[PDB]
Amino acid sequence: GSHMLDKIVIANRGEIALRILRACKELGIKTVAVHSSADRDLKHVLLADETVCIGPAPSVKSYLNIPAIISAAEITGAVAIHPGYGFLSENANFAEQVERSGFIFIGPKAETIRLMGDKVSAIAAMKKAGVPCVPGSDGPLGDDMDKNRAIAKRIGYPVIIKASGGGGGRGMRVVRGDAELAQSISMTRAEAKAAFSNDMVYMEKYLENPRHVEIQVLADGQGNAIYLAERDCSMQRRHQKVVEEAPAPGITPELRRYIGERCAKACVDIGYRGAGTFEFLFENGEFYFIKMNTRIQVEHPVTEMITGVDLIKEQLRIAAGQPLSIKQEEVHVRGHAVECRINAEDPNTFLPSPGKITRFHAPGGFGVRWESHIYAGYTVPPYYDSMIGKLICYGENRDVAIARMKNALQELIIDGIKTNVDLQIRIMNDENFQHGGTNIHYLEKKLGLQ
């Protein structure tokens, strides 16, 4: 009924903030938009019920200023805090503290975060859960080469020496023979201490031509948990996602209930609460666990489209104590979805291109979703990311979804800055892409990338 959150803090900014603001307004939740002195002009900022300047431009003082944010709630009387994605969404000390200050944290518990935060641990947990993992050391590599030489041989080359601190493409090394093993473990151990401040490392097999399939889940922490089909995010350029889609072409419903059900089991097993995502590498009709994003993702709209489920409301629902409103058997995968991220960037340098938007026009029409905070005379700052929007198109089928997307990319007008739009069009036109089922290496190589 109405055992809903009185007022929550939107501990974020940009498109994500707007989106969250939107779901708040539908549930009647009051909103407090905390922002940085430079985001005083954010769309979402202008629509919030209450606003608060937490700091200066630089993230470490604003968006990552834990106290500032936490105090912002105090003064406002909010009951919860929504991290969105990418700042502290995966920061357990912030979750910890939010809890400790007596606020609700729109996400799982800190314990769960740290748990999934450490690859090694993560892996062990899921191995246990029945979730399919990459074969590797099933532990931190030791220091005596002999055994390590043995791990490898067993799992077989090539391999990959991965640290447990995550990072994001940073802290990884590919070994293909016994000769480079030693160096690798070492190079990698060193890259980790410095970077994440955790030299711990694990070994696993390296996958050549796999796709990136991810499973969306939801848990209430009451015993319920559902999977919302998969998403294909193989469209990468330097680890940066560019094109997401649901469902994943080539994925049979059977397969879909396979990895899903176990993903659902794992959630329960770990006492998972809220939204979250299971990242899988996919080669040879086989799934392999890479990690777990204990949060809402940038690409969630695609999934809300093919399912009709509103992720954010659900998070908000779980957060307020409610049980899952939906049952697995009520979840039905319908049509096809494709999201193109829109970036403020230089198609040559791939470098951020900040500036003010002079002219702007958004595409509309059937099965077209525009997710962005930009407008005309809006100034995109240099401080934060390059993403300014999400262009999501729906269709009774893939080919339809694609067609719409082409049109949409054209009606789209963003003047006064550099954007990745041309690129999007080009992919849309990608004959390989039209066929589909391309690997995470496709973009990089077509881009004439070395």
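The first residue of the shown sequence is 1; numbering continues from there.
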For this session: Using the B-factors recorded in the PDB entry, average over the C-alpha atoms of 254-262 and of 194-202, then report which stretch comes out higher.
Result: 194-202
For this session: Higher average CA B factor in the deposited record is what I'm after, so tell me if that's 180-188 or 366-374.
Result: 180-188
Exercise. Whose CA atom has the top B-factor in the entry, of 294, 91, 121, 284?
Worked result: 284
Problem set entry | Which of 83, 165, 77, 323 ranks first by CA B-factor in the deposited coordinates | 323
Exercise. Which third, lowest, middle or highest, does the CA B-factor of residue 28 fall in along this chain?
Worked result: middle
Problem set entry | Ranked against its chain, the third holding the CA B-factor of residue 403 | highest
Exercise. Which third of the chain holds residue 434 when residues are ordered by C-alpha B factor: lowest, middle or highest?
Worked result: middle
Problem set entry | Third of chain Cα B-factors occupied by residue 227 | highest
Exercise. Which third, lowest, middle or highest, does the CA B-factor of residue 421 fall in along this chain?
Worked result: lowest
